[PDB]
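The structure appears right after this line, and notes come after that.
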Amino acid sequence: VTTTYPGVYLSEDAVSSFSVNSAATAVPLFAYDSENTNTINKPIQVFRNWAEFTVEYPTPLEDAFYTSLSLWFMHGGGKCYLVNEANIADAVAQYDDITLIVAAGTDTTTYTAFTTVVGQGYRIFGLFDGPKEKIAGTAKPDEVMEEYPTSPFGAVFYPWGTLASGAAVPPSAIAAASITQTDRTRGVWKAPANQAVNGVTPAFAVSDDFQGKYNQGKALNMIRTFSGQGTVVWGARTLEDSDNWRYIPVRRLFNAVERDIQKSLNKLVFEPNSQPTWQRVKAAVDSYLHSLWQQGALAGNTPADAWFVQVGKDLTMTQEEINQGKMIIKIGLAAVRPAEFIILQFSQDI
Amino acid sequence: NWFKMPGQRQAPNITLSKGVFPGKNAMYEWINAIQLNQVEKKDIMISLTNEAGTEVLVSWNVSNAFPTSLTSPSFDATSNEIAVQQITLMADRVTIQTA
Amino acid sequence: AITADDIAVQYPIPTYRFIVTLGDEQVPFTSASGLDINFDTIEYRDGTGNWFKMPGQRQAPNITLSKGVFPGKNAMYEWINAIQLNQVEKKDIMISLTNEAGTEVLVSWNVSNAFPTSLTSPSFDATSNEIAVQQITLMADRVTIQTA
Amino acid sequence: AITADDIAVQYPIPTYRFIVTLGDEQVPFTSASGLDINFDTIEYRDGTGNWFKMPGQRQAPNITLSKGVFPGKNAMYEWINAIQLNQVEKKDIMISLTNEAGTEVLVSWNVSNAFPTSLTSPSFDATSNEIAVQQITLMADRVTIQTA
Amino acid sequence: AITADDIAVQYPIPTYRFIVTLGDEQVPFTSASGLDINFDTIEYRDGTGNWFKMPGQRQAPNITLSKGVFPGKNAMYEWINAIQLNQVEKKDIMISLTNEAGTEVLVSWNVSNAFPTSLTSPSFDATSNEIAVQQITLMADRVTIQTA
Amino acid sequence: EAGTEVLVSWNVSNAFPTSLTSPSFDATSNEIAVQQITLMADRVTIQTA
Amino acid sequence: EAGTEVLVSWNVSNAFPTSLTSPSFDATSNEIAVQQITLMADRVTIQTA
Amino acid sequence: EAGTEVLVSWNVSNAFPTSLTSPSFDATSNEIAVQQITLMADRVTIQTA
Amino acid sequence: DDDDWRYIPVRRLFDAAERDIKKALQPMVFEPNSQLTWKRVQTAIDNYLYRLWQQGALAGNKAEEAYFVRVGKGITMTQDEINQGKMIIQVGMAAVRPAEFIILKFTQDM
Amino acid sequence: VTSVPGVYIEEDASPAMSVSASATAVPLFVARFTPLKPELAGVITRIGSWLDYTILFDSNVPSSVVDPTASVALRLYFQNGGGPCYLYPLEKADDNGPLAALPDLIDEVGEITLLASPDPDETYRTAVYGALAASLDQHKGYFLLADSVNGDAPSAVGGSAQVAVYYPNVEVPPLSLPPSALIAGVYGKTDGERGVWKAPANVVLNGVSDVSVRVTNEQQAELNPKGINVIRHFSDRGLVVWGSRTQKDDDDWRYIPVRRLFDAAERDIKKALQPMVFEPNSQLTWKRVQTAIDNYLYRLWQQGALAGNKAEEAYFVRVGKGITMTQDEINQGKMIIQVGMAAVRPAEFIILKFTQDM
């Protein structure tokens with residue numbers, strides 16, 4: 001409307017609104033395809049809420065970047081980035097805030113730029129996609145999972161969405177919206193699985209015997225619907241099936257610890273490389289890890305079994321390394337693993 | 001049978017005191033910036049130190065300290081003393097690291 | 001480090017800072033209590049063992065406010081004096097826990113159709129250093145909690 | 001020598017460390033009382049002298065919980081506002097005395113089908129340094145004590 | 001864990017929610033009593049010892065409705081004033097146990113041909129605090145119960 | 001208490017309903033709608049087991 | 001004080017429990033969780049020895 | 001009190017039952033099932049010893 | 001001929017609710033455009049829409065299915081819109097449609 | 001065609017049919033259903049009432065000496081106690097394509113409990129009973145309602161405890177129907193009125209008039225020590241289902257109501273513990289899971305399902321680290337719970353033993 005007189009106005013235009021209920025540990029990058037026709041030619045653009053997103057895209061589209069963001073902002077969601085697939089390796093290295101790389105219906109170009117920023121060490125977690133066609137069941141599961149990396153920083157999340165306006169949500173965005181509601185209420189150390197994402201339904205119905213072939217190895221991480229907890233993601237594993245870096249909780253837990261410690265220790269850079277500074281470093285970490293332990297994130301009912309921090313002149317580094325300007329800490333800390341299998345054993349004996 | 005147990009540890013009340021200098025009062029802008037429950041809580045480290053200052057012997061760590069009082073000095077015309085402010089802090093735990 | 005913008009998110013709220021919107025005006029009060037939500041209880045037992053427990057119908061709240069006596073015009077006497085056998089200007093009560101500046105609501109308790117039922121005089125005592133405090137009690141139909 | 005693993009076996013348990021599982025979620029509370037197991041009494045006397053004393057039928061527990069007011073969303077208002085004349089989401093209450101880490105139960109008091117009957121507002125006072133505390137009272141049918 | 005959709009199937013219905021469709025209009029009432037189904041009893045005994053017990057013919061229901069006195073027109077008065085020696089607009093009454101919002105009828109009672117036989121004005125008293133409540137009695141011929 | 005034992009029972013031979021009183025509806029009450037049926041019978045016997 | 005011989009005793013004949021109260025849970029209290037059971041009986045006897 | 005002395009007794013000559021009322025069963029009650037029998041007699045005498 | 005505004009009682013319900021909300025918010029004009037005023041305006045609309053729902057006007061069963069009122073700074077506004085002196089409120093309702101066709105479908109088989 | 005806002009009158013309507021609500025008897029009728037719109041030809045559709053059947057499927061289907069009986073079998077289902085009633089239209093028998101894809105489509109829908117394929121052809125059901133036999137021993141909680149041909153089990157499902165056979169074909173005014181569409185109805189009627197722990201074997205069959213074979217006692221005496229469960233005719237009552245045994249000859253799983261009590265309790269415990277998946281595998285979670293099972297098993301005992309007198313004789317729930325698990329099993333991310341119950345068995349033999357000596 002156009003405001004002229006100081007009264008009260010009445011309009012009946014079609015509007016929408018979503019409130020931001022964000023979490024700091026989930027700032028995603030939504031990758032879109034370079035061969036797209038209905039985007040602004042800016043390669044990197046920043047959207048803080050739903051109101052700023054509908055200024056640049058005033059009409060409801062059907063393309064995979066629009067349904068990913070419309071499903072993002074309706075579950076809280078904070079600031080987020082639209083970067084085209086040929087620039088996602090640059091945007092992670094420039095904007096310093098990104099924790100998630102959400103492949104919004106994108107493959108084989110996000111994948112080769114995912115493995116670039118992981119080998120450079122940018123503490124991100126990727127959310128990939130399953131096939132848009134239906135997996136048959138005679139599929140030979142190693143042949144389905146051959147386009148994906150083997151890094152512990154990613155998960156696949158197969159079944160595509162069929163959002164209530166008819167459009168198709170990429171299943172990375174279904175996983176990215178359950179991460180937001182998990183990190184706010186339960187924390188980054190809790191699994192994003194049993195959180196109910198709303199407004200979207202899976203395109204296909206998946207049984208238990210189908211997921212049992214894919215739960216090992218490279219971990220498709222199904223999106224299933226249940227009477228009760230409706231349309232949750234079902235599975236919490238990564239692309240590496242090791243005893244260390246299985247379980248998306250314990251990977252995203254250390255990425256939150258590694259980023260928040262280096263945010264606190266950047267204010268101690270260019271201090272004199274001396275023994276009073278090393279005491280001030282290891283007490284800035286013990287103060288962080290104690291408050292993190294007492295809110296349930298670490299696994300141990302004593303501080304000795306939960307974390308250790310140590311630094312010394314002949315403990316972690318030598319005099320040849322002091323003279324180079326290096327300060328070597330080493331920190332070890334234990335995470336909580338989720339309960340993935342519940343076995344009931346019934347009998348007719350008392 | 002008598003059963004004796006440790007309870008829950010209560011909060012430390014920490015007293016720091018320094019002199020009044022001609023510059024700006026850094027302990028004043030940290031107690032003036034209170035909005036009804038809001039305060040920039042800081043972590044305090046008090047380290048027993050070498051003479052030159054290049055070695056920390058035993059230090060005391062304080063987790064989340066915020067000011068609760070700031071007493072101005074008592075002005076007296078028949079005194080020979082420094083204007084000494086005395087700030088009290090409310091914290092939640094005190095730990096000791098020894099290196 | 002607690003970084004006081006996080007205190008405004010996850011620390012609780014004290015009870016000494018509140019704005020009372022009384023109809024369409026703000027009136028400064030000292031105390032405010034009784035904004036409860038109470039239900040009754042329905043029970044049913046049969047001979048087989050089934051106990052059936054149910055919420056009844058919610059009853060009316062009784063809100064009591066108290067403020068001091070000021071030398072000007074008494075706005076709470078002018079609202080309890082305008083009773084003619086049924087006829088009272090009902091008002092909307094809003095009691096909002098506010099920030100220290102007084103400009104934004106943390107959490108509010110709303111009260112729908114309140115009208116005064118009592119107004120107590122202060123206790124006059126020649127050996128007391130106190131402030132003259134009137135205490136008005138209100139009766140309404142609904143208590144609503146909006147959080148923002 | 002008392003060797004504190006023996007304190008975890010044969011010393012009693014204090015009341016300041018407890019987790020309240022409220023349905024399927026954990027909600028932090030300050031106080032919790034009223035989880036009693038009460039019976040009635042049947043009596044019968046004849047003229048010869050036989051007194052017959054018997055337990056009656058057990059009546060309903062009334063559990064009261066209290067927590068502080070936080071700036072976010074009020075979960076206890078959203079559960080007492082969803083009353084439609086009979087219809088309330090009953091929940092399972094679990095109040096477990098826990099270790100200091102918070103990860104294992106010492107002894108628990110379970111409550112079967114609880115629904116809210118009251119919710120009190122905090123007492124607003126301009127001369128008080130206190131925290132806004134809501135107090136909800138619940139009504140259920142059974143109190144169970146599991147020990148592990 | 002009762003999940004209140006099961007309360008709408010399995011728990012009994014309280015009395016305090018009811019709508020009264022009086023003819024072709026709904027009229028708000030406070031009370032509604034006397035919607036019984038009563039029979040007579042016919043008995044027969046002989047000398048051999050046979051007792052024969054039978055239901056007789058069902059007699060008329062006497063239905064009591066009561067509502068308050070409002071400043072408009074008295075709709076229960078113009079229906080009892082329009083009597084000409086046997087002539088009365090007989091109406092059919094429906095009293096429905098209702099949902100809280102009013103959008104579901106749970107169990108309703110149907111009344112076939114009701115006409116007023118009395119209308120008691122309220123007792124005026126200067127030392128009372130009550131509503132002027134009229135109380136009308138109706139004569140009908142049958143009462144049926146439909147359950148949906 | 002569980003329902004798995006009958007202590008003393010009362011048998012009624014040929015019962016048929018003679019009345020069924022609907023509940024009294026009242027807007028200022030907190031009660032269950034309770035129907036009350038009366039029956040006409042011919043004998044009442046008591047078996048004790 | 002050793003616990004091995006009775007000075008005076010209060011005997012109670014046929015007691016059964018009628019109540020059992022939970023402890024009062026408070027996050028700001030240094031107390032021990034105390035249950036309180038109440039019993040009902042028929043006779044109280046005092047033996048002295 | 002012990003039952004070993006009769007103080008005042010009431011004698012009833014030829015009693016026979018005319019009624020036997022079963023208890024009223026109620027799910028919201030805490031009472032004993034009490035039967036109540038009425039008797040028809042012909043005289044009542046009092047012996048005092 | 002739209003599905004929304006087909007009937008007279010659905011149309012005149014929205015015209016009467018917009019007229020009575022407008023008469024209620026005109027005391028809140030030339031108030032300070034702050035977050036305290038936005039909650040005073042939200043409650044004045046929420047009190048009006050609640051007493052339409054409880055007298056049968058709105059088609060709901062929970063009162064969160066009948067209506068909603070939304071106001072905020074991240075929601076429904078931008079900071080450039082407060083600075084030019086306006087507040088923007090999103091109000092929605094749900095009305096019930098009348099039964100205008102009754103089909104009887106008789107038979108004599110049972 | 002309604003345009004005038006008055007009241008319209010039609011004169012040759014059919015009477016509508018009521019449907020009940022149940023959660024323990026939701027069947028999957030595999031028969032020759034003919035769709036109207038052909039997109040629902042090889043999938044499973046939910047039919048909430050008889051009105052939903054007449055819109056989605058062709059309910060008339062005029063005959064040609066062959067007679068369509070799939071629409072008649074559903075009308076006898078809703079007359080005997082309805083339900084959500086999933087359907088799978090499967091046209092001819094020998095297409096081994098859709099029958100191989102059948103047990104994978106059943107698992108995609110969450111809530112099938114009964115199978116009960118209602119088709120009068122004999123070789124049609126044998127292809128269905130053989131395709132569903134591998135899914136009955138996979139702890140998924142299904143229960144097959146097979147039909148005997150001449151007095152024996154159809155041999156695709158020999159002695160599994162998940163199968164209840166029902167012998168006599170039931171005739172409708174006269175086309176003869178297999179009784180599985182009617183018995184799937186009377187399970188939902190019995191469970192709604194009495195519970196799953198009650199034997200579904202005194203229900204009078206609504207609708208139908210007479211069975212095809214009037215079965216004597218002496219041939220039921222060689223059939224009831226198998227699970228054959230004869231539909232009998234009693235002159236005062238009508239057609240009464242008479243027998244509540246399964247195919248398993250074990251003392252544990254002999255009866256239908258003992259078997260379907262355990263299938264329904266395992267199904268409702270499973271729906272209650274799925275919010276407790278991907279929780280931290282700690283001792284706090286193990287007590288939250290133990291209480292959620294203990295609250296469920298207590299409210300079965302106090303409504304008469306379990307055979308106990310103390311509630312420590314009815315059930316038990318056990319979980320721990322020294323008990324039911326080892327530390328190597330927590331580390332691989334699983335919790336192991338031992339649940340036991342005690343059910344009551346029905347009285348199926350009454351011996352009278354008259355005399356005249358006293």
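In what follows, every chain begins at residue 1, and chains take the letters A, B, ... in the order their sequences are listed. Both backbone and side-chain heavy atoms feed into the values below; hydrogens, waters and symmetry mates do not.
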Between [X] and chain C, which part of the residue has a heavy atom less than 4.5 Å away: side chain, backbone, both or neither?
X	value
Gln57(D)	side chain
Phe70(D)	both
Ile83(D)	side chain
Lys90(D)	side chain

How close do [X] and [Y] get, heavy atom to heavy atom, and via which atoms?
X	Y	value
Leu119(D)	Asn38(C)	N-OD1, 4.4 Å
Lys53(C)	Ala60(D)	CE-CB, 3.7 Å
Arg58(D)	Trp51(C)	O-CZ3, 3.5 Å

- Note on the structure: Highest number of heavy-atom pairs under 4.5 Å with chain C among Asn113(D), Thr117(D), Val88(D), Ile136(D) belongs to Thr117(D)

- Heavy atoms only, distances under 4.5 angstrom: which of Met139(D), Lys73(D), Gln135(D) has the most pairs with chain C? Name it, please.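 So the answer, after comparing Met139(D), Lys73(D), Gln135(D), is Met139(D).
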
Measure distances from [X] to the heavy atoms of chain D and classify the residue's part below 4.5 Å as side chain, backbone, both or neither.
X	value
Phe52(C)	neither
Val107(C)	side chain
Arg45(C)	side chain
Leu106(C)	backbone
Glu43(C)	side chain
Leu97(C)	side chain

- Before giving the answer on side chain to side chain contact (heavy atoms under 4.5 Å, CB included), spell out for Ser128(D) and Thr15(C) the whole-Å C-alpha distance, their side-chain angles and the decisive distance to 0.1 Å. CA-CA 7 Å; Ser128(D) 68; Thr15(C) 58; 3.5 Å; yes

In terms of heavy-atom pairs under 4.5 Å, which option from [options] contacts chain D the most?
options	result
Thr147(C), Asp40(C), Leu65(C)	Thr147(C)
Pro14(C), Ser33(C), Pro61(C), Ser66(C)	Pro14(C)
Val9(C), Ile37(C), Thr144(C)	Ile37(C)

- Task: State, yes or no, whether a side-chain contact exists between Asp36(C) and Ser121(D) at a heavy-atom distance under 4.5 Å.
- Result: yes

- Beyond-backbone contact of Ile13(C) with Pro71(D), side-chain heavy atoms, under 4.5 angstrom: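 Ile13(C) vs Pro71(D): side chains touch.
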
- Is the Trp109(C) ring parallel, tilted or perpendicular to the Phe124(D) ring (thresholds 30°, 60°)?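 If you compare the ring of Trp109(C) with that of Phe124(D), the planes turn out perpendicular.
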
- From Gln134(D) CD over to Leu35(C) CG, what is the distance, rounded to the nearest 0.5 angstrom?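 Answer for the CD-CG pair, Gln134(D) versus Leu35(C), is 11.0 Å.
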
- Query: Under 3.5 Å, is there a donor-acceptor pair between the side chain of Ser31(C) and the main chain of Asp125(D)?
  - Reply: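 A pair under 3.5 Å: no.
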
- Does atom CD of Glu100(D) have more than 12 heavy-atom neighbours from other groups under 6.0 Å away?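 No, CD of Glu100(D) has 12 or fewer neighbouring heavy atoms, counting only those of other groups under 6.0 Å.
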
